[PDB]
Amino acid sequence: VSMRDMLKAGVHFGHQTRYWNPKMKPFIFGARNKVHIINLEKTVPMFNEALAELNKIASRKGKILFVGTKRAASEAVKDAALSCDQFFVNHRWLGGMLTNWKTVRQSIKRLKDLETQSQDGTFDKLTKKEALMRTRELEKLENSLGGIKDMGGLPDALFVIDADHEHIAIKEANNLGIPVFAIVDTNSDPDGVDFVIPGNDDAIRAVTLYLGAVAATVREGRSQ
RNA sequence: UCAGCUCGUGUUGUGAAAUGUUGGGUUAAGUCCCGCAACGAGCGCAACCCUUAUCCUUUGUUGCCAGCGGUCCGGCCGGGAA
Ligand SMILES: [K+]
Ligand SMILES: [K+]
Ligand SMILES: [Mg+2]
Ligand SMILES: [Mg+2]
Ligand SMILES: [Mg+2]
Ligand SMILES: [Mg+2]
Ligand SMILES: [Mg+2]
Ligand SMILES: [Mg+2]
Ligand SMILES: [Mg+2]
Ligand SMILES: [Mg+2]
């Protein structure tokens, strides 16, 4: 992607100056109307490198986990992960999804053993109220684990929208050595991210631009 | 007979420990929902047990007497299964 595409989407629009993290100072171009403007001259070469490294991991048959539970990037993280056949978390990240994977697994199993029952017909059997409490455990397990049900283990990379909002996921990945790619706005701390991509993480326009180019370089990375 | 008491893994703290189990509502209830660095699990709560309140089906004596038929007026007798 190029500098003009980032502009029309609003990638260069940061937060108000009073909310900045001073560690973001190198990636800042200036301020306009008391709002920080990210330096797109750095967003481009840093994203391409992130797009380059994501390509290699996909070529080696790696698993990419897309994390974005904000109400702006929620439904797009799921669309980008599917059109790419990888995995995603787009509702509240469960603390310990990765560092406590050996426990969160048993909830993936329960999600499977309860979906085959939705497909079997055991819900037409139960005493109504018992089938109704089981169809509700389904939707809850689906909303939280529906994107990682086939992951079958720790992923090899994480792509995150908003490093601050998903600070727990990033900490879990650093804990296990899993490389973190993340969009980092001006109010966020870039110290945990291995591949920083400074850019607006709130506008739906900019998010889709990030997710499209990443979903592309992994589809191409899985072909070769 | 009060609704409590804990553990595994994870995470936080040099540590004793903490979190979960707190919060917003709700319930007889740590009851349930929602939120949530927690995710799950156990012992308790509830349910499963006995009894009581309504109805059905079967069975009809030592229990029963609606319609019958007699009568010493006693279901007493013949019967009747209501
Ligand atoms: K302390
Ligand atoms: K513990
Ligand atoms: Mg320690
Ligand atoms: Mg207690
Ligand atoms: Mg405690
Ligand atoms: Mg409460
Ligand atoms: Mg309980
Ligand atoms: Mg809680
Ligand atoms: Mg009880
Ligand atoms: Mg008579």
Side-chain angles (χ1 to χ4, degrees), chain A residues 15 19 21-24 57 62-78 81-82 86-185 187-196 201-202 204 207:
Chain A
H15 288 258
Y19 301 117
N21 186 304
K23 298 185 186 156
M24 281 315 267
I57 299 152
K63 319 183 181 159
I64 313 298
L65 179 49
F66 292 72
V67 180
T69 83
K70 238 151 71 163
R71 258 35 73 180
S74 193
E75 93 304 317
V77 146
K78 167 196 195 161
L82 288 191
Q86 296 285 353
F87 320 95
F88 66 98
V89 161
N90 68 329
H91 296 281
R92 171 181 93 97
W93 174 280
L94 305 190
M97 179 150 333
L98 306 185
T99 57
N100 193 24
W101 178 248
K102 78 168 138 298
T103 305
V104 189
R105 270 203 314 242
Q106 305 152 344
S107 286
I108 309 266
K109 160 195 312 313
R110 177 90 195 145
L111 167 61
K112 289 171 166 4
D113 292 44
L114 277 183
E115 231 160 43
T116 74
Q117 279 181 35
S118 155
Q119 289 324 287
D120 160 271
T122 320
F123 286 176
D124 324 276
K125 201 289 299 185
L126 293 191
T127 89
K128 187 53 65 52
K129 174 173 304 324
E130 194 61 74
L132 257 294
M133 302 321 78
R134 275 190 206 189
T135 188
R136 282 288 64 60
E137 180 176 20
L138 202 289
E139 171 46 50
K140 259 174 65 36
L141 291 169
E142 215 261 342
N143 223 249
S144 62
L145 304 176
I148 48 141
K149 64 203 309 194
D150 311 303
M151 195 160 92
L154 297 180
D156 314 85
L158 260 79
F159 185 79
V160 177
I161 308 297
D162 199 352
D164 255 32
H165 196 288
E166 314 288 356
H167 69 283
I168 287 183
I170 292 161
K171 196 162 130 42
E172 291 203 49
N174 302 338
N175 196 305
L176 307 167
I178 296 161
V180 177
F181 302 74
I183 310 293
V184 183
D185 214 336
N187 70 331
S188 292
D189 166 37
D191 276 20
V193 188
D194 313 72
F195 294 85
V196 176
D201 62 11
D202 304 295
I204 184 53
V207 170

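In what follows, every chain begins at residue 1, and chains take the letters A, B, ... in the order their sequences are listed.
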Exercise. A:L141 or A:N100: which one's nearest nucleotide on RNA chain B is closer to the 5' end?
Worked result: A:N100
Problem set entry | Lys/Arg-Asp/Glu bridge criterion (N-O < 4.0 Å) met for A:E137, A:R110 | yes
For this session: Decide if a Watson-Crick or G-U wobble pair links B:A38 and B:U9, counting it only when both distances are under 3.5 Å.
Result: yes
Exercise. Based on the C1'-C2'-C3'-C4' torsion angle, does the furanose ring of B:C65 adopt a north or a south pucker?
Worked result: south
Exercise. Does B:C36 pair with B:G15 as Watson-Crick or G-U wobble, both distances under 3.5 angstrom?
Worked result: no
Problem set entry | Stack flag B:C49/B:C50 (5.5 Å, 30°) | yes
Exercise. How would the sugar of B:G30 be described, north or south, if a positive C1'-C2'-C3'-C4' means north and a negative one means south?
Worked result: south
Seminar exercise, completed: So, going by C1'-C2'-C3'-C4' where positive is north and negative is south, B:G13 is north
Problem set entry | B:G4: north vs south, judged on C1'-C2'-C3'-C4' | north
Exercise. Does the pair B:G79 and B:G80 meet both stacking conditions, six-membered ring centres under 5.5 angstrom and ring planes under 30°?
Worked result: yes
Exercise. Between B:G10 and B:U19, is a Watson-Crick or G-U wobble pair present, with both distances under 3.5 Å?
Worked result: yes
Exercise. Is A:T99 side chain donor-acceptor paired with the B:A37 base, going by distance under 3.5 Å alone?
Worked result: yes
For this session: Return yes if a side-chain donor-acceptor contact under 3.5 Å exists between A:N143 and A:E139, otherwise no.
Result: yes
For this session: Could you state the atom-to-atom distance from CG of A:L98 to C1' of B:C39 in whole Å?
Result: 13 Å
Exercise. Does the side chain of A:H167 come under 3.5 Å of the side chain of A:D189 through a donor N or O and an acceptor N or O?
Worked result: no
For this session: Look at the side chain of A:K171 and decide which nucleotide, out of B:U12, B:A37, B:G10, has an atom nearest to it.
Result: B:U12
Problem set entry | A:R92 vs B:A38: side-chain N/O to OP1/OP2 distance below 4.0 Å | no
Problem set entry | Side-chain ion pair, A:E115 and A:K149, N-O less than 4.0 Å | yes
Exercise. What pucker, north or south, follows for B:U21 from the sign of the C1'-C2'-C3'-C4' torsion?
Worked result: south
Problem set entry | side-chain N/O A:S107 vs B:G40 OP1/OP2, d < 4.0 Å | yes
Problem set entry | Out of B:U11, B:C34, B:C39, whichever nucleotide has its closest atom nearest the side chain of A:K140 | B:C34
Exercise. Do B:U21 and B:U22 pass the stacking test of six-membered ring centres within less than 5.5 angstrom and planes tilted under 30 degrees?
Worked result: no
Problem set entry | Atom P, compared across B:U21 and B:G42: separation rounded to whole Å | 15 Å
Exercise. Once you round it to whole Å, what is the distance between P of B:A38 and CZ of A:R105?
Worked result: 22 Å
